[PDB]
Amino acid sequence: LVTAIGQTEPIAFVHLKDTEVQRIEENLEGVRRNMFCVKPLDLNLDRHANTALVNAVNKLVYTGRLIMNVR
Amino acid sequence: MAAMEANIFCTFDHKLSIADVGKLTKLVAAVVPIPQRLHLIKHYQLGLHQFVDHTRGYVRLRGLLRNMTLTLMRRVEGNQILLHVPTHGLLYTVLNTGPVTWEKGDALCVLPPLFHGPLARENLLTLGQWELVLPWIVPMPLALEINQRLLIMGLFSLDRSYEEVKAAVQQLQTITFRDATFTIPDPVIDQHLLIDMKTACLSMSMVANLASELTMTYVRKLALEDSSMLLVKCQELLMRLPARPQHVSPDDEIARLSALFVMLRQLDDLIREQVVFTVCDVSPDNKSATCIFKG
Amino acid sequence: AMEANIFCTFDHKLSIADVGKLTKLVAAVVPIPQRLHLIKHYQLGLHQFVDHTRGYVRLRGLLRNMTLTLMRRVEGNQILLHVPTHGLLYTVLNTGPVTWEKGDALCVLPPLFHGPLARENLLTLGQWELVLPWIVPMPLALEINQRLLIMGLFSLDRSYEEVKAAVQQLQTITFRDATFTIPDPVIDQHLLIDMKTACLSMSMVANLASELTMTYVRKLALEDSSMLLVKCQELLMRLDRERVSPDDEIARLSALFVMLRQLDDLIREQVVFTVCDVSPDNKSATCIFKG
Amino acid sequence: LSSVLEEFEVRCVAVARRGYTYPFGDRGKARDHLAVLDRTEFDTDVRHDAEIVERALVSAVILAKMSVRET
Amino acid sequence: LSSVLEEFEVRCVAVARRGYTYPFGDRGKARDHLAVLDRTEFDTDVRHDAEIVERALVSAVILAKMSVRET
């Protein structure tokens, strides 16, 4: 992880299939496209991948990517 | 009051036959438990014989005998006996009244007698319609299994037909351990077992709760790759039924194990007995051996 | 009038530097296989018991049968060995990495290392080597085995590096004034056979507890007046929450107890000493003996 | 009485099960209150069915106040 | 069958808990049918379902006669 000052870490998902990565970004694009309709429809993440914290944070990051884009 | 005397003189009031006065000379340096701890105890209180009862609860003798102070036989003479109580940690020799081949370096425990089968009972030594009864000293593996067999016999006795119990008591009362055969006199069910079964039944449940999810599952998972003789022979006893662990919390897991050890000592001790001897070099005759940690 | 002491004679000739290497270890626990009066130096220490595939647990048990003995005096040829008598005080070297303090319930454990040490040096004949067991305080001695057992439970799955991060935490206990790094019993992913048995010794027991309890608790519940047994079945029925010949019951119960006797070596621990005064700089301390 | 009489046994089974759980300020006094609650049944006679509810109900109401430590 | 079978699965073990509470004149005989009922399971194969019900009935009527005490 970055330690140099002035380099705040960009928000990013950790260890996910590219089919899951690029596709969920389109759902975030719909907030900028039409924020009147906002649902957390995606739930495709599998617990079989990675471990506890690596997957549980991703459910939180999607809400954090959403709460910023809605605002 | 004086501290209870290490030296104890036991004197018979009943006449002694010449054939029996030499029976005690061969009995010298052997465990002779007493209860009252008098400086001049009467022989009527001597020996286990006063504790016998029509119930003949062998488990009942197993408990009441432990309360008695142990003593070492010493100084046979004319109508006089001198029992002695070694202080803790000192070494002193001990003859084995029982018929068991002691090993070097093993711990020993006092146990109520188990009749050999033929029950010739030697000259047994008797007077006044009374017989001396000296509990046998036994090796730990025999001392351990003798308790669990009394407990498992009480578990099978529950919840099953009384005629079926006899088929289990027959195979369980026998003990072929260490060459010589053994058999348990009257293993009557008792309230003393009901509390002994209670502490086992209490430990039987809580250990299943204290066990970690990674602990109980582990035996089922080892079979997926490793294979061995012990893995196969043990797996058959279990009920018939890669992957990530559901969670790994080293602080939460180390705590689950520390509590688990306490219930094991709560459960293991009921088959354990108060170790008394720690024999070193057994004599070649196998009629005597030195001991330590007595008391 | 001199106190009795075991004699012992080294075979290989010693240089004057070697006999002085031993006089630095006056007080020192020395296990003895059997209370023989004479003893060859090959019998001294755990080194005769040293093994590869056999695990640490085998040393945990055979050491309990070893006769601990201090080296009361060191000379040429013969070496005296004073077996402690219970209740007497005995000065002992602090060979153990843990610092001693007042009143500790010391108990012996086999020596361990975490790769190279700043000073592995000890008396060394050709091929032969001496090994002096640690004298750890009791609360840490439970912490040792509690870590060693859990670390082998994960040995079946080294493949997940996230699990290794937990193993790295168990690997380094941090008692005060100490920085331990307990070696992994596992080597090249494969378990030692002693580790494979110790893990089987416990997991088999917890598995039988999950099912065998469902029967005997039922008949024994109504008879009890204390009621404490009556609520024990509640957690067992909630232990189901996730998702037979009569002779089979006897053989099934029979294994449950005998495995605990195999497991007892890792459970209860005798204390061999209890500390009194401690010498300055903690080089050593007197400890009244207690079997 | 149909199923409704059977329904009284269902909810009674839950209170009887949790009465072995929650700690109280006594032990042997509440012990009789639980076992008598476990003795509740329904007699073959129709007129006598009220007698079981008449006593088992009073034993249960006392148990609830003890959790509150109510007088 | 699976919809009715789910109701059969709930009514199955519910009979077993009543059997432990009910005293019998031979404590050992009662478990031999209760142990089969506690072992109940439903494999995907429907061919065995005619056999699954049979042991469920052998564990049923034979147990009910013991309560009536008819031989």
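Residues numbered from 1 in each chain as written, not as in the entry; some residues may be left out. Chains lettered and ligands numbered in written order. Part of a larger assembly, values for the part shown. Heavy atoms only, no water. Residues with missing side-chain atoms left out of burial classes, pairs and counts.

(A) Seen up close, the interface of chain B and chain C. Taken together, the contacts link 63 residues of chain B with 67 residues of chain C. Counting the surface lost from both chain B and chain C, the interface buries some 6,200 Å², and carbon and sulfur atoms represent 73% of this. For chain B, the biggest contributors to the area lost against chain C are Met204(B), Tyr218(B) and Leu237(B); these three give 11% of the whole. Joining chain B to chain C, the criterion identifies 6 salt bridges. Ionic pairing is found between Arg268(C) and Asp269(B), a salt bridge with its closest N-O pair at 2.9 Å. Here chain B and chain C share 9 residue pairs in polar contact between them. (Contact = heavy atoms within 4.5 Å. Buried area = accessible area lost by both parts, 1.4 Å probe. Salt bridge = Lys/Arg side-chain N within 4 Å of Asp/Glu carboxyl O. Polar contact = N/O pair within 3.5 Å; in protein donor to acceptor, adjacent residues only side chain to side chain.)

(B) Inspection of the interface of chain D and chain C at higher detail. On the chain C side, the residues contacting the 4 residues of chain D number 6 residues. Both sides together, the interface formed by chain D and chain C hides about 540 Å², and carbon and sulfur atoms give 65% of it. Broken down residue by residue, the surface that chain D buries against chain C is led by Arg17(D), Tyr20(D) and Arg31(D), which jointly contribute 81%. There are 0 salt bridges connecting chain D and chain C. The interface formed by chain D and chain C contains 0 residue pairs in polar contact.

(C) Representation of the packing of aromatic side chains. Inspection of the entire model under this criterion finds 8 aromatic pairs over all chains. Here the aromatic rings of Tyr22(D) and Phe24(D) are separated by 5.2 Å at their centres, their planes lie at 85°, and the arrangement is edge-to-face. Members of the aromatic cluster, each reached through a chain of ring pairs, are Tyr90(C), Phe273(C) and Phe289(C). (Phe/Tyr/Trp six-rings, centres within 6.5 Å; stacked < 30°, edge-to-face > 60°.)

(D) Broad picture of a negative patch on the surface. A contiguous patch of negative charge, built from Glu213(B), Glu211(C), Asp240(C) and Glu242(C), is present on the exposed surface. Position of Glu242(C) relative to the elements: it lies in the loop between α6 (232–238) and α7 (246–263). (Patch = residues over 30% accessible without salt bridge, like charges linked within 9 Å, V, L, I, M, F, W, Y side chains within 5 Å. Areas by Shrake-Rupley, 256 points an atom, 1.4 Å probe, with all protein chains shown as cover. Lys, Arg positive; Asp, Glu negative; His and termini not counted. Charge placed at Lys NZ, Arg CZ, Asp CG, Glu CD. Helix = DSSP H or I, 4+ residues; strand = E, 2+ residues; numbered from the N terminus.)

(E) Expanded view of the pairing of strand β4 (residues 107–111) of chain B. All names here are of chain B. Within β4, 5 of the 5 residues are buried, which leaves it mostly tucked inside the rest of the structure. Of the two faces of β4, the one holding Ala-107, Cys-109 and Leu-111 and the one holding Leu-108 and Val-110 are both buried throughout. In this sheet, strand β8 (residues 277–278) lies alongside β4 in antiparallel orientation, the contact comprising 2 bridges. Bridge pairing in β8 links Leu-108 to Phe-277. (Buried < 20%, exposed > 50% of the residue type's maximum accessible area, 1.4 Å probe, protein only. Pairing = 2+ DSSP bridges.)

(F) Spatial organisation of the pattern of salt bridges. One pass over the full model with this rule turns up 27 salt bridges over all chains. The closest approach of N and O atoms between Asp42(A) and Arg23(A), which form a salt bridge, is 3.2 Å. Of this pair, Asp42(A) sits in the loop between α1 (18–33) and α2 (52–70) while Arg23(A) sits in helix α1; the two residues are 19 residues apart in sequence, bridging distant segments of the chain. Given the relative accessible area of 18%, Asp42(A) is considered buried. The partner of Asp281(B) in a salt bridge is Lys104(B), and the shortest N-O contact between them spans 3.6 Å. With relative accessibility at 28%, the residue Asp281(B) sits in the partly exposed group. Taken together, the shared-partner salt bridges connect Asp269(B), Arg272(B), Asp264(C) and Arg268(C) into one network.

(G) Structural view of the sheet that holds strand β5 (residues 136–139) of chain B. All names here are of chain B. With antiparallel pairing, 3 strands are arranged side by side in an open sheet as β5-β4-β8. Where the open sheet ends on each side, the last strands, each with one partner, are β5 and β8. The sheet contact formed by β4 and β5 spans 4 bridges and is antiparallel. Directly across from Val-110, in β5, lies its bridge partner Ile-137. Here helix α3 (residues 140–157) sits on the sheet and contacts β4 and β5; the angle it forms with β5, its principal contact strand, is near 100°. (Axes fitted to C-alpha atoms, helices over the stretch in contact; angles between N-to-C directions.)

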